[PDB]
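Residue numbers (the authors' numbering): 1 to 55.
Here's what the structure looks like:
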């Protein structure tokens, strides 16, 4: 039993982008730190997809 419990997608897992973060960030704060970083790095890429079609 592990499939009906309310936290099944956290109790049971396999591949996820945060497991690169777990590699560089020493600790939880830095591991989410880095994932919030990732959203800032991916948001800048999305801005620059848009300015060459708009300008």
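Ideal Cβ placement from N, Cα and C applies to all residues, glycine included.
Pairwise C-alpha distance: residue j and residue i
| i | j | result |
| --- | --- | --- |
| residue 46 | residue 8 | 32 angstroms |
| residue 39 | residue 48 | 14 angstroms |
| residue 5 | residue 23 | 28 angstroms |
| residue 42 | residue 14 | 23 angstroms |
N- and C-terminal bounds of the alpha helix (DSSP H) containing residue i
| i | result |
| --- | --- |
| residue 34 | 28-54 |
| residue 9 | 8-11 |
| residue 23 | 18-24 |
Best match in the options for proximity to residue i [C-alpha to C-alpha]
| i | options | result |
| --- | --- | --- |
| residue 21 | 10, 13 and 33 | 33 |
Cβ-Cβ distance between residue i and residue j below 8 angstroms
| i | j | result |
| --- | --- | --- |
| residue 31 | residue 25 | yes |
| residue 18 | residue 2 | no |
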